[PDB]
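K.L.:
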Amino acid sequence: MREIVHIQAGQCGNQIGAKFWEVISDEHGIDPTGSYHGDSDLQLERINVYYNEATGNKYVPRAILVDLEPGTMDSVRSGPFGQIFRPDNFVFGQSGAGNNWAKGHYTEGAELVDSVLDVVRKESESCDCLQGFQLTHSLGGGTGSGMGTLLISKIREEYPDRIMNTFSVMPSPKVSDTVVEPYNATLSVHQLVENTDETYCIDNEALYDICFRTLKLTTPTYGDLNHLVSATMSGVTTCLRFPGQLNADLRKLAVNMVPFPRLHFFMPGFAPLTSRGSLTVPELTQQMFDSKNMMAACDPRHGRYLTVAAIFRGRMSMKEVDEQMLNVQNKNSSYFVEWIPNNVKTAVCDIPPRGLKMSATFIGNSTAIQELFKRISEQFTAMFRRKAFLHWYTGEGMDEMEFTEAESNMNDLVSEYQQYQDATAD
Amino acid sequence: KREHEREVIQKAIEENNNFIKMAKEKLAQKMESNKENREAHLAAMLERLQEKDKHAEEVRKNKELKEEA
Amino acid sequence: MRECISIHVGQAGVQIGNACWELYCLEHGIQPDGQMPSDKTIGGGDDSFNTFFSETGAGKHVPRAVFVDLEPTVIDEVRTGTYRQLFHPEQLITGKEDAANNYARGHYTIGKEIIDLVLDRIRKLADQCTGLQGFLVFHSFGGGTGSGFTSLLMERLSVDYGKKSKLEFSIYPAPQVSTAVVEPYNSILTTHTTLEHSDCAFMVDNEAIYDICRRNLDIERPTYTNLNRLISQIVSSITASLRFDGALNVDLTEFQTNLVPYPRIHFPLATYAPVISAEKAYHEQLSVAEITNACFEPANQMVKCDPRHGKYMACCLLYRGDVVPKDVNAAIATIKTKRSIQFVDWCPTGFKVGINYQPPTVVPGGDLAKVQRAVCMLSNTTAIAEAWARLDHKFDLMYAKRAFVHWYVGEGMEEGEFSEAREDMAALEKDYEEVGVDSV
Ligand SMILES: COc1cc2cc(c1Cl)N(C)C(=O)C[C@H](OC(=O)c1ccc(CCN=[N+]=[N-])cc1)[C@]1(C)O[C@H]1[C@H](C)[C@@H]1C[C@@](O)(NC(=O)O1)[C@H](OC)/C=C/C=C(\C)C2
Ligand SMILES: Nc1nc2c(ncn2[C@@H]2O[C@H](COP(=O)(O)OP(=O)(O)OP(=O)(O)O)[C@@H](O)[C@H]2O)c(=O)[nH]1
Ligand SMILES: Nc1nc2c(ncn2[C@@H]2O[C@H](COP(=O)(O)OP(=O)(O)O)[C@@H](O)[C@H]2O)c(=O)[nH]1
Ligand SMILES: [Ca+2]
Ligand SMILES: [Mg+2]
Ligand SMILES: [Mg+2]
């Protein structure tokens with residue numbers, strides 16, 4: 001058994017984390033009580051990747067819930083699947099982060115980090131052969147961004163040979179009015195570049211645009227955005243949870259997707275995206296490569312693909328999938344780097360997601384992801400040149416030099432993506 | 075002629091033993107060199123992580139110093 | 001006497017091993033429980049099939065085989081499958097964590113933890129042999145275990161068994177069924193490390209097999225099951241001389257004498273015929289001449305390359321079924337006057353023929369039609385270096401940017417091993433050019 005330990009920190013991380021467990025529990029036939037009531041043996047063959055087995059044939063998510071305030075985690079426990087989580091795996095503080103990365107990373111978060119590690123250690127010791135960790139959090143807040151990146155580093159010290167994966171929610175002014183989110187996001191990216199092996203960039207900018215433009219939602223709620231997140235997280239973990247040949251574990255995925263260690267920030271995609279009140288293999292393939300279907304606000308035709316993972320779900324002709332994947336690469340060969348041959352891998356899972372006959376999930380390592388980091392860097396430097404609200408961070412012990420180091424490291428990441436975008440074989 | 079026949083079979087034995095010996099040595103060198111390289115990479119990783127912990131101790135110290143002022 | 005030990009490494013090697021041993025059992029009349037009613041000597045014997053099967057006192061015929069994989073899920077299917085009673089549990093060896101498509105993890109980080117146990121289990125098979133002839137090693141080029149652990153195993157086998165013969169069946173990667181971007185890296189690394197430790201290696205290009213299943217068997221999207229059934233027929237043709245007796249039977253080692261002119265030039269090209277569906281074989285008997293002609297159609301080769309653009313250094317025809325020399329000789333004479341068969345000037349041009357009278361068999365539920373006669377051609381042609389050239393070119397494209405190299409360095413490897421491996425492949429390609437040049 002190749003177990004994954006799941007961690008969710010902060011409000012956003014616990015919110016998208018709960019939806020993730022709801023969606024995949026339904027996919028695997030697990031009810032809120034932890035009992036299995038499915039009809040396919042494929045649901046249970048790799049159940050141990052995400053679930054522990056307990057007395058009474060009950061399946062308990064290998065999940066740890068962290069926050070510096072009890073608010074979101076109380077509503078999680080009152081959720082539909084709230085009774086399925088292990089009560090001892092709830093680790094919450096009282097003070098709160100107050101959208102302050104310094105408090106999450108150095109002050110309040112540092113006072114709670116050891117109690118979280120005790121739960122991580124307990125879940126890891128009972129693993130047959132631990133794969134690694136997946137963390138859900140936002141980068142714009144305080145706990146998920148500050149304490150989340152702190153947890154990554156501390157876990158890295160005790161499990162340095164394991165894969166660290168994050169689902170990182172990127173801030174956007176279209177969603178949150180908090181003006182220091184570029185600070186918290188840049189400081190977090192400074193840590194993710196060094197301490198994670200693979201990061202799914204869940205861009206609130208893209209999620210809002212999809213809900214508003216494509217789904218025709220005038221007032222997108224967090225529930226509307228999280229519906230896209232849960233469908234995306236289900237798709238990008240399908241190869242981990244069901245029997246399959248391609249990218250079946252976190253390390254094989256990383257080896258296929260990360261040609262250079264720092265360039266591990268993925269552009270997710272999903273098809274179809276249709277509004278409630280409004286599909287062929289060629290259409291499904293064309294849509295998953297469309298910029299309008301990307302969960303990161305980046306146009307892939309503004310850069311080049313280093314590596315791509317494609318996952319088709321549902322009953323369909325594998326011959327047709329193969330032809331269409333070959334067709335989209337041949338017709339768009341300019342946008343795939345020629346010095347990485349055969350850089351697009353395709354998986355097909357027979358089990359479709369809930370409510371869809373056929374779906375496609377896209378995982379791209381594209382140099383166009385620099386558009387996301389340039390947007391954060393532009394909003395960062397506009398605040399940092401005025402030193403707006405710096406005293407909240409320096410009051411915790413930080414200084415401006417750490418802000419400068421985070422900005423330069425993220426700017427270096429953009430330069431590196433541009434370097435390999437410009438590289439040629441001849 | 076008998077002396078030559080003895081030298082041929084002794085040559086065959088010597089070449090076979092040298093092939094075994096060199097294969098054993100080359101593999102021992104590779105496994106030891108690989109073990110040291112991987113251990114050095116892990117040591118560098120933990121060393122950088124420990125410096126981050128050292129920096130965090132300095133940050134919390136800086137906060138306590140400005141609070142006493 | 002003359003026992004042969006098979007070693008199946010990684011998913012590709014294990015699953016191909018499943019197909020091969022199932023086919024062997026059908027060819028010899030061995031039941032899934034190991035019982036063989038036709039075998040009247042209980043608990044032992046020196047029959048031809050005993051080169052591949054040992055016997056217990058209870059009448060069980062046990063493959064002289066070890067299955068090894070660094071993760072358990074593939075071999076677990078053997079442990080619970082149809083032929084689970086065929087193998088002693090100690091013949092099936094698994095770890096808990098695979099090589100993650102990384103040669104370095106198969107050869108070093110993970111492989112080093114199980115290599116001693118594997119050698120111990122092989123030693124237990126060798127000790128039951130009265131005259132061990134050598135090993136047959138089945139593995140992919142592209143996987144981390146198939147590449148990294150195989151090369152480690154081959155190195156250790158040279159030390160523990162000296163120059164006992166070691167033959168490979170190697171699965172050459174194809175993008176239609178490949179699972180890792182770094183498979184060109186793993187292929188070049190294992191080919192370099194194993195080159196001095198292998199006496200003969202039969203490469204199987206997954207794209208060639210894929211094309212044959214699509215074209216000749218009308219399979220829209222071949223699976224590993226489709227591919228492995230066909231591969232097992234080629235493997236069976238090659239090993240039939242070891243497992244059956246016959247007046248016209250020619251031992252594989254005799255073909256090997258002709259096939260290997262220099263130690264490094266030890267990669268024969270296999271071509272197999274007939275591959276035909278049941279619907280097409282019905283009321284259609286393919287003669288000796290027709291299946292022989294098909295051996296020189298490049299579409300039937302196990303490796304994609306063009307022998308008509310190279311030079312031959314050996315041609316061997318391995319027939320099985322209803323075949324007599326008169327028809328073989330007549331067929332060969334027709335082909336010599338109609339085909340692009342140019343030999344190098346330092347090699348005799350005569351074709352070497354063997355015939356096993358036991359007819360080919362098919363697995364129930366398969367796509368191959370049951371035929372009265374089949375042939376596997378083994379040729380030594382300079383054209384097989386085209387397979388190296390394609391792999392080396394993909395290697396060069398990625399390595400010039402050092403793409404993915406950090407995954408290997410992080411496991412302890414050095415860039416010098418990449419360049420050393422690539423230079424060895426460059427010399428191998430150069431060797432194939434040199435042997436094809438005419439003598440001064
Ligand atoms: C015209 O100037 C503005 C004045 C204000 C907010 C904004 C702007 Cl522009 N805006 C809209 C901002 O986005 C700025 C950010 O505000 C917040 O994060 C915030 C969070 C919760 C609430 C709920 C009401 N509580 N009140 N008052 C209000 C603001 C701020 C100062 O940069 C973060 C700090 C790093 C963070 C703040 C904190 O939350 N903790 C902590 O240690 O540091 C602290 O302590 C509770 C709250 C401070 C609230 C203010 C100083 C009011
Ligand atoms: N013909 C054939 N090829 C296979 C089969 N299984 C895998 N392959 C090929 O083998 C290569 C991948 O290597 P694997 O054997 O699956 O990997 P492995 O040896 O188990 O090594 P790791 O899983 O990385 O530890 C790809 O080129 C696949 O196409 C099979 O059953 N038959
Ligand atoms: N997509 C999505 N984003 C969220 C959600 N909740 C908060 N966010 C985003 O997260 C950022 C605020 O961080 P938050 O999680 O509240 O901080 P924390 O709880 O202290 O870790 C803002 O940019 C929000 O847009 C959610 O449920 N879904
Ligand atoms: Ca017997
Ligand atoms: Mg919030
Ligand atoms: Mg494997």
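Chains as they are written, first to last, in PDB author numbering: chain D, 1 to 42, 45 to 280, 286 to 360, 369 to 441; chain E, 75 to 143; chain C, 1 to 440. Just so it is clear, CB atoms sit at the ideal spot from N, CA and C, and this is done for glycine as well.
Taking 8 Å as the cut-off, is the CB of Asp329 of chain D close to at least one heavy atom of ligand 7?
P.N.:
For ligand 7, the structure offers nothing, since it holds only ligand 1, ligand 2, ligand 3, ligand 4, ligand 5 and ligand 6.
K.L.:
With a threshold of 9 Å between beta carbons, is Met105 of chain E in contact with chain D?
P.N.:
By this cut-off, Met105 of chain E is not an interface position.
K.L.:
If we cut at 9 Å on Cβ distances, does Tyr357 of chain C have a partner in chain E?
P.N.:
False, the Cβ-Cβ gap to chain E never drops below 9 Å.
K.L.:
Can you list the residues of chain D that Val181 of chain C reaches, using a CB-CB cut of under 7 Å?
P.N.:
Within chain D, the residues near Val181 of chain C are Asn258, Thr314, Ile347, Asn349, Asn350.
K.L.:
Examine chain C for any beta-carbon lying closer than 9 Å to the beta-carbon of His115 of chain E, and answer yes or no.
P.N.:
Yes, its Cβ sits closer than 9 Å to a Cβ of chain C.
K.L.:
Indicate whether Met302 of chain D and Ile165 of chain D have their beta-carbon atoms separated by less than 9 Å.
P.N.:
Not in contact: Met302 of chain D and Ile165 of chain D (Cβ atoms no closer than 9 Å).
K.L.:
Closer than 5 Å from C-beta to any heavy atom of ligand 6: which residues, in chain order?
P.N.:
After applying the 5 Å Cβ criterion, the set is C:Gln11, C:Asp98.
K.L.:
Verify the contact flag: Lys254 of chain D, CB atom, against every heavy atom of ligand 2, threshold strictly below 8 Å.
P.N.:
Yes - ligand 2 has a heavy atom lying nearer than 8 Å to the Cβ of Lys254 of chain D.
K.L.:
Given that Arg80 of chain E touches chain C, what residues does it touch there, using C-beta distances under 9 Å?
P.N.:
By Cβ distance, chain C contributes nothing, its closest Cβ being about 20 Å from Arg80 of chain E, past 9 Å.
K.L.:
So the alpha helix (DSSP H) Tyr161 of chain C belongs to, where does it begin and stop?
P.N.:
Start and end: 150-161.
K.L.:
Starting from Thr376 of chain D, trace the beta strand (DSSP E) in both directions and tell me its first and last residue.
P.N.:
From DSSP, the beta strand (DSSP E) with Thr376 of chain D extends over 373-381.
K.L.:
Could one say the Cβ of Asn111 of chain E lies closer than 9 Å to chain D's Cβ atoms, at least one of them?
P.N.:
Not an interface residue.
K.L.:
Which residue's Cα is closest to the Cα of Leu313 of chain D: D:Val23, D:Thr419, D:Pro348, D:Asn54?
P.N.:
Measuring from the Cα of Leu313 of chain D, the nearest candidate turns out to be D:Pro348.
K.L.:
Could you check the C-alpha separation between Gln176 of chain C and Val328 of chain D for me, to the nearest Å?
P.N.:
Each residue's Cα considered, the two are about 12 Å apart.
K.L.:
Once DSSP output is grouped into helix, strand and coil, what is the label at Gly366 of chain C?
P.N.:
Correct three-state label for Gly366 of chain C: coil.
K.L.:
Enumerated in chain order, which unbroken segments of the alpha helix (DSSP H) with a length of 4 residues or greater are wholly contained in the stretch 308-339 of chain C?
P.N.:
325-336, all fully within the stretch 308-339 of chain C.
K.L.:
Please confirm whether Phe149 of chain C and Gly44 of chain C have their CB atoms less than 9 Å apart.
P.N.:
No.
K.L.:
I'd like to check one pair, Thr419 of chain D with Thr240 of chain D: are the Cβ atoms closer than 9 Å?
P.N.:
Not in contact: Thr240 of chain D and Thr419 of chain D (Cβ atoms no closer than 9 Å).
K.L.:
Is the beta carbon of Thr190 of chain C less than 9 Å from the beta carbon of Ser147 of chain C?
P.N.:
The answer is yes: Cβ separation under 9 Å.
K.L.:
Are three or more beta carbon pairs between the stretch 369-381 of chain C and the stretch 261-275 of chain C nearer than 8 Å?
P.N.:
A contact exists between the stretch 369-381 of chain C and the stretch 261-275 of chain C.
K.L.:
Pull out every residue of the stretch 105-131 of chain D whose Cβ sits closer than 9 Å to any Cβ of chain E, in chain order.
P.N.:
From the stretch 105-131 of chain D, only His107, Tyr108, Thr109, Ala112 have a Cβ closer than 9 Å to chain E.
K.L.:
Hey, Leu195 of chain C and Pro268 of chain C: beta-carbon distance below 9 Å or not?
P.N.:
For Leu195 of chain C and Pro268 of chain C, no; Cβs fall outside 9 Å.
K.L.:
I'd like the span of the beta strand (DSSP E) that includes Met1 of chain C, first residue to last.
P.N.:
Note, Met1 of chain C: premise wrong, no beta strand (DSSP E); not H, not E.
K.L.:
What is the DSSP secondary structure of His8 of chain C, counted as helix, strand or coil?
P.N.:
In this structure, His8 of chain C counts as strand in the three-state DSSP scheme.
K.L.:
Hey, could you find the ends of the alpha helix (DSSP H) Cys12 of chain D is sitting in?
P.N.:
First-last of the alpha helix (DSSP H) with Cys12 of chain D: 10-27.
K.L.:
Evaluate contact between the stretch 69-77 of chain C and the stretch 105-116 of chain C, counting only Cβ atoms and requiring at least three cross-stretch pairs below 8 Å.
P.N.:
Contact between the stretch 69-77 of chain C and the stretch 105-116 of chain C is present, because at least three Cβ pairs lie under 8 Å.
K.L.:
Can you grab the Cα-Cα spacing for the pair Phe141 of chain C / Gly246 of chain C, in whole Å?
P.N.:
When rounded, the distance between both Cα atoms is 35 Å.
K.L.:
Could you check whether the stretch 83-92 of chain D touches the stretch 384-394 of chain D, counting it as contact only if at least three pairs of C-beta atoms, one from each stretch, sit closer than 8 Å?
P.N.:
Touching, no.
K.L.:
Taking the DSSP output, what are the residues bridged to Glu168 of chain C?
P.N.:
Paired residues: C:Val137, C:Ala201.
K.L.:
Check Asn59 of chain D in the structure and name its three-state DSSP category.
P.N.:
Of the three classes helix, strand and coil, the one that applies to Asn59 of chain D here is coil, per DSSP.
K.L.:
Count the other CB atoms within 10 Å of the CB of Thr193 of chain C; is the residue buried (16 or more) or exposed (fewer)?
P.N.:
Result: buried.
K.L.:
If you measure beta-carbon to beta-carbon, which residues of the stretch 232-250 of chain D are closer than 7 Å to chain C?
P.N.:
Residues passing the 7 Å Cβ filter: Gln247, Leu248.
K.L.:
Please confirm if the stretch 233-247 of chain C is in contact with the stretch 257-266 of chain D, defined as three or more CB-CB distances below 8 Å between the two stretches.
P.N.:
Judged by Cβ distances under 8 Å, the stretch 233-247 of chain C makes no contact with the stretch 257-266 of chain D, as fewer than three pairs qualify.
K.L.:
Hey, is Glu290 of chain D close to ligand 2, as in C-beta under 8 Å from one of its heavy atoms?
P.N.:
No, the Cβ of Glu290 of chain D stays beyond 8 Å of every heavy atom of ligand 2.
K.L.:
Report the rounded CA-to-CA distance for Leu132 of chain C versus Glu3 of chain C, giving the unit in angstroms.
P.N.:
Those two C-alpha atoms are separated by around 5 Å.
K.L.:
Against chain C, with Cβ distances strictly below 9 Å, would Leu101 of chain E count as a contact?
P.N.:
Taking Cβ atoms only, chain C reaches closer than 9 Å to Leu101 of chain E, which makes this a yes.
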